[PDB]
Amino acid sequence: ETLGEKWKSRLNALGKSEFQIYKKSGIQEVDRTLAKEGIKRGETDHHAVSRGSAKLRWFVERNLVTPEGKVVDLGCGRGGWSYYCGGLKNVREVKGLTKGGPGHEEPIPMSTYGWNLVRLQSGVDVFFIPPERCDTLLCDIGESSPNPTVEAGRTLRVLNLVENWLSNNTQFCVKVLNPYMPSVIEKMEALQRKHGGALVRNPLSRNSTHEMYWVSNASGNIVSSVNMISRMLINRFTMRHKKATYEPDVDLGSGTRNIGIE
(Lines of atoms letter the chains of each structure in order from A and count residues from 1; the text may use other names and numbers.)
(Lines give C-alpha, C1' and ligand atoms only; values in the text may rest on other atoms or scores of the structure.)
Protein backbone atom coordinates (compact mmCIF):
# COMPACT_ATOMS: atom_id res chain seq x y z
CA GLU A 1 0.00 0.00 0.00
CA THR A 2 2.91 2.44 -0.63
CA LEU A 3 5.78 4.25 -2.34
CA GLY A 4 8.56 2.14 -0.82
CA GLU A 5 7.12 -0.62 -2.94
CA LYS A 6 8.20 1.26 -6.06
CA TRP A 7 11.68 1.38 -4.54
CA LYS A 8 11.76 -2.36 -3.83
CA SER A 9 10.77 -3.32 -7.36
CA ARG A 10 13.34 -0.97 -8.80
CA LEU A 11 15.87 -2.48 -6.42
CA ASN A 12 14.96 -6.07 -7.41
CA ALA A 13 15.12 -5.04 -11.09
CA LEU A 14 18.78 -4.02 -10.73
CA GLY A 15 21.61 -5.91 -12.37
CA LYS A 16 23.97 -7.76 -10.04
CA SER A 17 26.69 -5.22 -10.69
CA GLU A 18 24.34 -2.22 -10.55
CA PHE A 19 23.08 -3.58 -7.22
CA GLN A 20 26.41 -3.72 -5.40
CA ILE A 21 27.28 -0.18 -6.51
CA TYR A 22 23.92 1.11 -5.36
CA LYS A 23 23.95 -0.76 -2.04
CA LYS A 24 26.85 1.39 -0.88
CA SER A 25 26.22 4.68 -2.67
CA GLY A 26 26.80 7.62 -0.39
CA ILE A 27 26.26 5.58 2.74
CA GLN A 28 28.33 5.61 5.91
CA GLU A 29 30.77 2.73 6.39
CA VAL A 30 32.84 1.44 9.31
CA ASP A 31 36.54 0.73 8.65
CA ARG A 32 36.59 -2.92 9.80
CA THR A 33 39.58 -4.44 7.95
CA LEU A 34 42.06 -4.67 10.81
CA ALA A 35 39.39 -5.51 13.39
CA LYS A 36 38.38 -8.59 11.42
CA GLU A 37 41.96 -9.72 10.93
CA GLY A 38 42.59 -9.39 14.63
CA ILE A 39 39.52 -11.43 15.48
CA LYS A 40 40.35 -14.07 12.90
CA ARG A 41 43.68 -14.13 14.71
CA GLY A 42 42.05 -14.93 18.05
CA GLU A 43 42.26 -11.50 19.63
CA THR A 44 39.56 -10.80 22.20
CA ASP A 45 40.45 -7.29 23.37
CA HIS A 46 39.15 -4.08 21.76
CA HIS A 47 37.53 -5.57 18.64
CA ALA A 48 33.84 -5.43 17.81
CA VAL A 49 32.54 -8.83 16.75
CA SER A 50 30.65 -7.25 13.83
CA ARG A 51 29.74 -3.87 12.39
CA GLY A 52 26.70 -3.94 14.68
CA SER A 53 28.61 -2.39 17.56
CA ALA A 54 29.34 0.72 15.50
CA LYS A 55 25.73 0.64 14.35
CA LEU A 56 24.33 0.65 17.89
CA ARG A 57 26.88 3.28 18.92
CA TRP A 58 25.34 5.75 16.47
CA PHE A 59 21.90 5.56 18.15
CA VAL A 60 23.37 5.54 21.66
CA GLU A 61 25.83 8.43 21.30
CA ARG A 62 22.70 10.42 20.37
CA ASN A 63 20.58 9.31 23.30
CA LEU A 64 18.02 7.87 20.90
CA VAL A 65 18.41 4.77 23.14
CA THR A 66 20.02 4.77 26.60
CA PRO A 67 20.90 1.19 27.66
CA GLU A 68 20.76 0.88 31.45
CA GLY A 69 20.20 -1.82 34.05
CA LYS A 70 19.34 -5.25 32.67
CA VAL A 71 19.72 -5.25 28.91
CA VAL A 72 18.18 -8.02 26.84
CA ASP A 73 19.59 -8.35 23.32
CA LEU A 74 17.08 -10.34 21.23
CA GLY A 75 18.92 -11.98 18.33
CA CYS A 76 22.45 -10.98 19.37
CA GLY A 77 24.06 -13.02 16.61
CA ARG A 78 27.77 -12.74 17.30
CA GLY A 79 26.99 -10.14 19.94
CA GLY A 80 27.95 -6.76 18.53
CA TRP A 81 25.15 -5.03 20.41
CA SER A 82 25.68 -7.03 23.60
CA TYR A 83 29.41 -6.54 24.03
CA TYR A 84 28.92 -2.85 23.25
CA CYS A 85 26.28 -2.37 25.95
CA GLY A 86 28.51 -4.30 28.32
CA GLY A 87 30.86 -1.34 28.46
CA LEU A 88 28.26 1.37 29.04
CA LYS A 89 28.13 3.21 32.39
CA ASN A 90 24.77 2.45 34.03
CA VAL A 91 24.40 -1.00 32.47
CA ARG A 92 24.51 -3.84 35.00
CA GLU A 93 23.62 -7.03 33.16
CA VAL A 94 23.53 -7.93 29.47
CA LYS A 95 21.75 -11.03 28.23
CA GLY A 96 21.96 -11.79 24.51
CA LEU A 97 20.00 -14.55 22.77
CA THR A 98 20.24 -16.17 19.30
CA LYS A 99 19.51 -19.26 17.24
CA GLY A 100 23.05 -19.88 16.13
CA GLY A 101 23.67 -23.28 14.62
CA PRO A 102 25.19 -24.24 11.27
CA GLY A 103 24.66 -21.49 8.73
CA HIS A 104 24.01 -18.89 11.42
CA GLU A 105 26.09 -16.32 13.26
CA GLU A 106 27.16 -17.80 16.59
CA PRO A 107 28.17 -15.63 19.57
CA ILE A 108 31.94 -15.09 19.81
CA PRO A 109 33.64 -15.11 23.21
CA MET A 110 35.39 -11.78 23.88
CA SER A 111 37.24 -10.02 26.66
CA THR A 112 36.19 -6.49 25.75
CA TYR A 113 35.34 -4.05 28.52
CA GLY A 114 32.45 -5.32 30.59
CA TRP A 115 32.52 -8.74 29.01
CA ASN A 116 31.95 -10.20 32.48
CA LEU A 117 28.53 -8.51 32.67
CA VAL A 118 27.65 -10.10 29.33
CA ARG A 119 26.10 -13.54 28.84
CA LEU A 120 25.29 -14.77 25.34
CA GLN A 121 23.55 -18.03 24.54
CA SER A 122 22.70 -19.52 21.16
CA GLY A 123 20.25 -22.28 20.32
CA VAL A 124 17.43 -20.02 21.43
CA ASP A 125 14.43 -19.05 19.33
CA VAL A 126 13.27 -15.81 20.95
CA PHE A 127 9.79 -16.15 19.45
CA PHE A 128 8.88 -19.05 21.76
CA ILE A 129 10.38 -18.26 25.14
CA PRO A 130 8.62 -16.36 27.92
CA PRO A 131 9.46 -12.64 28.30
CA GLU A 132 11.90 -11.74 31.06
CA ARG A 133 11.66 -8.44 32.88
CA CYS A 134 14.18 -5.91 31.51
CA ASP A 135 15.05 -2.22 31.62
CA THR A 136 16.24 -1.89 28.05
CA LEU A 137 15.18 -4.14 25.20
CA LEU A 138 17.22 -4.40 22.01
CA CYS A 139 16.23 -6.41 18.97
CA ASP A 140 18.07 -6.58 15.65
CA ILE A 141 16.06 -9.42 14.06
CA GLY A 142 14.78 -9.35 10.49
CA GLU A 143 15.71 -11.42 7.43
CA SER A 144 15.31 -9.55 4.12
CA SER A 145 13.36 -10.99 1.17
CA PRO A 146 12.95 -9.92 -2.46
CA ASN A 147 9.23 -10.26 -1.72
CA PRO A 148 7.96 -7.29 0.35
CA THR A 149 4.96 -9.23 1.68
CA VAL A 150 7.27 -11.88 3.09
CA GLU A 151 9.19 -9.12 4.88
CA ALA A 152 6.00 -7.50 6.17
CA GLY A 153 5.22 -10.78 7.94
CA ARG A 154 8.69 -11.07 9.42
CA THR A 155 8.51 -7.44 10.60
CA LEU A 156 5.19 -7.96 12.41
CA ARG A 157 6.42 -11.14 14.09
CA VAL A 158 9.18 -8.96 15.56
CA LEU A 159 6.90 -6.10 16.58
CA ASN A 160 4.56 -8.48 18.38
CA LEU A 161 7.59 -10.13 19.91
CA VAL A 162 8.88 -6.89 21.40
CA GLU A 163 5.47 -5.65 22.50
CA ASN A 164 5.53 -8.71 24.77
CA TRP A 165 8.80 -7.60 26.36
CA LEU A 166 8.10 -3.87 26.72
CA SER A 167 6.86 -2.50 30.03
CA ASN A 168 7.08 0.75 32.02
CA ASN A 169 9.64 3.15 30.61
CA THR A 170 11.64 0.36 29.05
CA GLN A 171 14.48 1.65 26.88
CA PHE A 172 14.43 0.12 23.43
CA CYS A 173 15.95 -0.14 20.00
CA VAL A 174 14.24 -2.46 17.56
CA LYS A 175 14.96 -3.09 13.92
CA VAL A 176 11.98 -2.67 11.62
CA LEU A 177 13.06 -4.49 8.48
CA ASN A 178 10.22 -3.32 6.22
CA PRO A 179 8.56 -0.22 7.78
CA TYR A 180 6.81 0.87 4.61
CA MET A 181 4.41 -2.13 4.12
CA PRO A 182 0.94 -1.14 5.28
CA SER A 183 0.39 -3.71 7.75
CA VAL A 184 3.76 -2.76 9.42
CA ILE A 185 2.87 0.92 9.31
CA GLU A 186 -0.46 0.16 10.95
CA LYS A 187 1.12 -1.85 13.76
CA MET A 188 3.86 0.72 14.31
CA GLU A 189 1.25 3.39 14.73
CA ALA A 190 -0.39 1.38 17.48
CA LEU A 191 2.94 0.73 19.22
CA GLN A 192 4.11 4.34 18.98
CA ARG A 193 0.77 5.33 20.47
CA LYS A 194 1.30 2.77 23.23
CA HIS A 195 5.06 3.14 23.97
CA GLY A 196 6.15 6.32 22.20
CA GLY A 197 9.44 6.61 20.37
CA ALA A 198 9.95 6.98 16.63
CA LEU A 199 11.46 5.30 13.58
CA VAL A 200 14.96 6.47 12.69
CA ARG A 201 17.22 5.70 9.73
CA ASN A 202 20.83 4.80 10.64
CA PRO A 203 23.34 6.24 8.11
CA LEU A 204 25.27 2.98 8.45
CA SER A 205 22.38 0.91 7.03
CA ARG A 206 22.89 -0.03 3.37
CA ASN A 207 20.74 1.23 0.52
CA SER A 208 19.64 -2.38 -0.18
CA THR A 209 17.39 -2.31 2.89
CA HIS A 210 14.67 0.16 3.84
CA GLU A 211 15.31 -0.86 7.44
CA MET A 212 14.54 1.66 10.19
CA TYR A 213 14.82 1.32 13.95
CA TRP A 214 12.17 2.01 16.50
CA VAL A 215 14.10 3.81 19.24
CA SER A 216 12.54 4.93 22.52
CA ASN A 217 13.91 8.48 22.91
CA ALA A 218 12.69 10.09 19.70
CA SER A 219 9.43 11.14 18.09
CA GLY A 220 8.01 11.77 14.65
CA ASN A 221 4.94 10.88 12.62
CA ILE A 222 5.56 7.31 11.45
CA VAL A 223 4.23 7.64 7.89
CA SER A 224 6.16 10.85 7.35
CA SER A 225 9.27 9.08 8.65
CA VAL A 226 9.07 6.16 6.25
CA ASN A 227 8.34 8.26 3.17
CA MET A 228 11.40 10.40 3.88
CA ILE A 229 13.54 7.31 3.66
CA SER A 230 11.62 6.06 0.66
CA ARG A 231 12.28 9.27 -1.25
CA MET A 232 15.88 9.18 -0.13
CA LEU A 233 16.50 5.61 -1.24
CA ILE A 234 14.96 6.42 -4.60
CA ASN A 235 17.01 9.57 -5.06
CA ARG A 236 20.11 7.49 -4.46
CA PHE A 237 19.35 5.24 -7.43
CA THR A 238 20.64 8.03 -9.63
CA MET A 239 23.94 9.19 -8.16
CA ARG A 240 26.98 11.12 -9.37
CA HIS A 241 29.80 10.32 -6.90
CA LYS A 242 28.86 7.01 -5.27
CA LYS A 243 31.61 6.90 -2.66
CA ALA A 244 31.02 5.64 0.87
CA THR A 245 32.31 7.69 3.78
CA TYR A 246 34.24 5.65 6.30
CA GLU A 247 34.87 6.01 10.01
CA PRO A 248 37.19 4.15 12.43
CA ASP A 249 35.66 1.10 14.07
CA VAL A 250 34.61 1.16 17.72
CA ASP A 251 37.17 0.18 20.37
CA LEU A 252 35.46 -1.86 23.08
CA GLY A 253 38.28 -1.81 25.62
CA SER A 254 39.34 -5.00 27.39
CA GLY A 255 38.67 -5.15 31.12
CA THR A 256 36.10 -6.50 33.53
CA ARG A 257 33.70 -4.19 35.37
CA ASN A 258 33.10 -4.22 39.13
CA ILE A 259 29.75 -2.40 39.15
CA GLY A 260 28.41 -0.98 42.44
CA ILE A 261 27.77 2.77 41.78
CA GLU A 262 29.77 4.20 44.73
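Each residue number is its position in the shown sequence, starting from 1.
*asked:* On mean Cα temperature factor in this entry, is 76-84 or 188-196 the higher one?
replied: Looking at the record's C-alpha B-factors, the answer is 188-196.
*asked:* Which is higher on mean Cα B factor in this entry, 162-170 or 176-184?
replied: Of 162-170 and 176-184, the stretch with the higher C-alpha B-factor average is 162-170.
*Comparing against every modelled residue in the chain, figure out the third that the C-alpha B-factor of residue 42 lands in (lowest, middle or highest).*
Residue 42: CA B-factor falls in the middle third of its chain.
_Splitting the chain's C-alpha B-factors into thirds, which one does residue 156 fall into?_
Top third by C-alpha B-factor.
*Would you mind checking where the Cα B-factor of residue 245 ranks among the modelled residues of its chain, as the lowest, middle or highest third?*
Its C-alpha B-factor, which the entry lists for residue 245, ranks in the lowest third among residues of this chain.
*asked:* Could you place residue 92 in the lowest, middle or highest third of its chain by Cα temperature factor, using the values in the record?
replied: Its C-alpha B-factor belongs to the highest third of this chain's values.
_Please say which third, lowest, middle or highest, residue 25 falls into when its CA temperature factor is compared across its chain._
CA B-factor rank for residue 25: lowest third.
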